[PDB]
Each structure stands twice: as structure tokens, then as C-alpha cells.
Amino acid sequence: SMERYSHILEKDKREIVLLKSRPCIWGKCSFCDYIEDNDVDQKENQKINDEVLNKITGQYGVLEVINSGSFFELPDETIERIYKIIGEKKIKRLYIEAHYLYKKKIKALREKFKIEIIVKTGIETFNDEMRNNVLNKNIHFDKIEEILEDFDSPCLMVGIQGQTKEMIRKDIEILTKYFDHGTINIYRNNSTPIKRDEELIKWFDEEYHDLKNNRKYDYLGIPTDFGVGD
């Protein structure tokens, strides 16, 4: 079965859980097959999720919740249990993920949970045409500062056919200038038709080696590097 509970042991050490949610409200990104873990039956998702949530201890004071979609697609009972656990285990910082289409719901979530929330979002690349015409993310912003109104931490994807060195260089320039957290995901081939560019990945691995050790940004050479998921 799938690993759903682990610890992140570098940089901002924390517990992480990979939970089940109803279908991603977008669900059409050309490269994504994590949504295979979605399920329409929220009562079964809640039962599965509750066994994972029992493992949270708050031992680092920091927790990350991911769920192959956005936080808001979790069962209502899962969300309210996470809220309970935050208070009971004295957790002071929570990471969640939400697609940009949920931007306007973030403020109310922050006000409900009260603690520091780091909201991650799957920008993938700041290049508009690659993001929306190739990766089909449906993420539209006019200025970088618009993202920062509600999101804290862009997930970036590196190493996809159709990218260029210039495109990747600009993404890292933007990440490092504007954002206080972020995630660098080296692309992994999967069941979708979107494929790794091995030459770009080789180049990035050597040219941006100093990124691996940058305290602000999590770096995943393989998607399983947090210890959850297949």
C-alpha cells in the first residue's frame, strides 16, 4: 500500500501526510496522474484519512498536508480533524496546497486556522504559454505580486520537453527574488504523454547545484523524496 505518513528531515523539519480527496476541481493538467488517488466517495476518504491523521504528533510543531489536489477537496470531517489536531498537538505552522482557482478561499481559511499557513500552489513555470498552453494549468495572473496576495510557495517543475534554459533560468530568478518558500520538482515520466528532457535535467543538476542546499526551497530530484506517495 501507499506511504501516507512521513517526516521531512531537512530545512523546515515537519510531519507530512498524503490524504485522499474528491476529484480535483480542475483535473486537466496534461502531465498530472496524481489524481488517480482521488475518490468521489468522501466517506471512504475520511475513513482512510483518519488512520493517517492518528499518526500526527506535532513533534516538530510543523505539519504539511498534501492530497493530490487542493486542500479544499478534503472531506469536511478530515479538515475539521486537522483543525482539532493543530490545537491539540500545538502545531504552529501548516503547509497546504491549493490550485490558483481557489485563490479567493484562502483568506477565510487563514482566519479559521489562525496559525501560520504556508500555501503552496502548482505554478510549474512562470512562462505563461508553457504553463497554460502546454501544461494546461489554467493559471492566469497579470503580475507576480498578484500571486503573493494569497499564495506563499510556488511548486516549479524542471525538465520537461519544450522547456528551454532561458525559461528555467527565469523561473529561478523569479522564485528567488519574490518568494520566501518554494519547491523545485525534477520532472518524472509517468502515465501521461508529457516527457522528461534529459539534457535540460542534466544541465540543471550541475548549473543549479547550489539550489539543492538553499534553506528556503525544498528540492525533490524524485517525487518520492518526502517519503509519501509512489
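Don't overthink the numbering: it's just position in the shown sequence, from 1.
Mean CA temperature factor is higher for 109-117 when stretches 126-134 and 109-117 are set side by side in the entry.
Across the two stretches, 7-15 and 202-210, the PDB entry reports the greater mean Cα temperature factor for 202-210. As recorded in the PDB entry, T192 shows the highest C-alpha B-factor of the residues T164, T192, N67, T176. In this PDB entry, the Cα temperature factor of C32 sits in the middle third of its chain's modelled residues. For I172, the recorded CA B-factor ranks within the lowest third of the chain. Only modelled residues enter the ranking. In this PDB entry, the Cα temperature factor of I186 sits in the middle third of its chain's modelled residues.
Among all modelled residues in this chain, the alpha-carbon of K90 has a temperature factor (C-alpha) in the highest third. Among the modelled residues of its chain, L74 has a C-alpha B-factor that falls in the middle third according to the deposited record.
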